[PDB]
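To keep things clear, I will list the structure first and then write my remarks on it.
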Amino acid sequence: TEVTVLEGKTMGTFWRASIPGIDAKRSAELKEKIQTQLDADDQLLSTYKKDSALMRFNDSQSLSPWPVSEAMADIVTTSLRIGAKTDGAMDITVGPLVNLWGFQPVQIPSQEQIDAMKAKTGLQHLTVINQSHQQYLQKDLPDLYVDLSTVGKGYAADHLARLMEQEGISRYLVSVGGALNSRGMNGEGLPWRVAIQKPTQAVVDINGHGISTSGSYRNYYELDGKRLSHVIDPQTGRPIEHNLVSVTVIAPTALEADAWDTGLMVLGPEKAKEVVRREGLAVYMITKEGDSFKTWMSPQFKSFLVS
Amino acid sequence: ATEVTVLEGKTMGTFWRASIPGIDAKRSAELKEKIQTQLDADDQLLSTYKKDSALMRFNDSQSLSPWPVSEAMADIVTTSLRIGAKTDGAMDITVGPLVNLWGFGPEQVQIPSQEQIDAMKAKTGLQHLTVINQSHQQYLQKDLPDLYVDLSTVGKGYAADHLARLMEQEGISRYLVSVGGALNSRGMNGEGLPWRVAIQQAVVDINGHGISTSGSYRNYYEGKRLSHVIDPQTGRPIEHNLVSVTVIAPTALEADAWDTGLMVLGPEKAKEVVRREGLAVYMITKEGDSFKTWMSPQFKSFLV
Ligand SMILES: [Ca+2]
Ligand SMILES: [Ca+2]
Ligand code: NA
Ligand code: NA
């Protein structure tokens, strides 16, 4: 059967929904629902909009529980846990440190300034409180600053998938930026096509899962022998220096994948592989070694490959 | 055409099954061991019939302060409380004392007076339980010492989802796993077709999804007696004619949570929730000697 592709803009990037063919009125109605939901998610999570739910929390100096939506609570919960499991490499409180660099560095902070700033960051400073009819965030530092840009697209893709289910669409491939979520087979009873970066192509079936990628071998800045990156390691408060070009993660949700791919990118190849082993993650890595790109997959990732 | 290996065993007072194509005897044996070990651990985490389960340690405590639990415990309870809210209290993981008052637990009295029921209701309610999450730790907290939490209505869905995680960990991409009536389906069977999932036979294809069924069987094969399903709000047996609910959801845990709540609510109130939440649901009602069925549009999308 045929396929309808809807596309639009959100979160500084694009969204796409590929679904079984629907009629024109149905397609228009669905696109309106999708854009409305994504607009609301952007308004929930954005740091750019000073009136977002997130930015209202940031602007509050309260150390008491702060009411939030179920989505906010769950995004932060997942972020804190994957933060913990990547030894702090995935850190949604690192904003103040990032703000020191203007992210080649053009304005560089001293070691003293870095140290002063990391005192206003830390995953330990956040708590999520869930109850039946309400939920909260709580910070123990008034000027803690939370930034969800590294996990927002993954959530948005998951939420987009749930919207499809609610609309009686149980076969789909949806995406927000590089974060994808898919369930069910395509019109020909085969996996929805999800292609992986081939640096020199591998295809995966992410049915029942989400996938997300951090980095690209086509946006890998490198001067002399040094990596040039605007990605700040939250434990050093400095840009990463390793040769991990891109990391792709398949996880049970795109939110999780989006959190993992960020943490693993920060950790770099050796430490990322230890986390991948420990957690049994499905991961694909591209590294730059001399004049060649090298690829690597965990056993769990290989199981998702299609032929 | 490739051979499907079927592994089965006991867990949580019921049985589990895993169907996996193209797997050899050595791998099957290793996989059965891992499955049983994991399910044993999930039973040890959740069971109210195991005196030293993680859950029973919490239940036995009189503490009103945060109580450390596993990530899985935190998420199961969070999911349960929210779906409890969205079913207007019908799905209630704190209803145990009322069920025990009637003696309607599976492993066990006089008919209680309404006065006694109402007094017992003071020891129950979704509002009494909180889940707290932090980077390296998470907690349950009750504001009533004798609150009693029972997760039997969602434990099978969780366990089935957790089995899917194990399949992935083990590099198994095609499978049908089930714990009692909770299942997850992924990929093609040995014949290269979607796993056959039958509802009592109408057939659904739930590839990439989970499913669960809940029912009321005291009169299913007759009515001559009461339902043993207690309405958490009245503290009395349900009086409506809904005898089975099947839910298809992205996860078996969600499915298992909804099917219990919808079952308690009954046909009219369940349909309201199903519409508002856009759920994929199949309902069986028994009027007198005649069964009637109803499917939401979202459920119909899964029919073959
Ligand atoms: Ca990310
Ligand atoms: Ca249930
Ligand atoms: Na700090
Ligand atoms: Na009560």
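We number chain A the way Swiss-Prot does; in order, the residues shown are 32-134, 139-235, 242-348.
We read in the header that X-ray crystallography, 1.7 Å was used to get this structure.
Note: Cβ is positioned from N, Cα and C throughout, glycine not excepted.
What Swiss-Prot records for the Mg(2+) site is A:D299, A:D302, A:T303, and among A:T156, A:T162, A:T185 the residue it adds there is A:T185. In this structure, of the binding-site residues A:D299, A:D302, the smallest number of CB atoms within 10 A of the CB marks A:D302. Annotation: A:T303 carries the greatest number of neighbouring Cβ atoms among the binding-site residues A:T185, A:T303 [cut-off 10 Å, Cβ to Cβ].
Flanking an unmodelled stretch of 4 residues, A:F134 and A:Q139 have Cα atoms 10 Å from one another.
In this structure, A:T185 (Mg(2+) binding site) belongs to neither helix nor strand by DSSP; it is coil. Within 8 A of the CB centroid of the Mg(2+) site residues A:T185, A:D299, A:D302, A:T303, the other residues of that chain are A:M121, A:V186, A:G189, A:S253, A:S255, A:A298, A:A300, A:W301, A:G304, A:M306. At the Cα atoms, A:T235 lies 9 Å from A:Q242, with 6 residues between the two left unmodelled.
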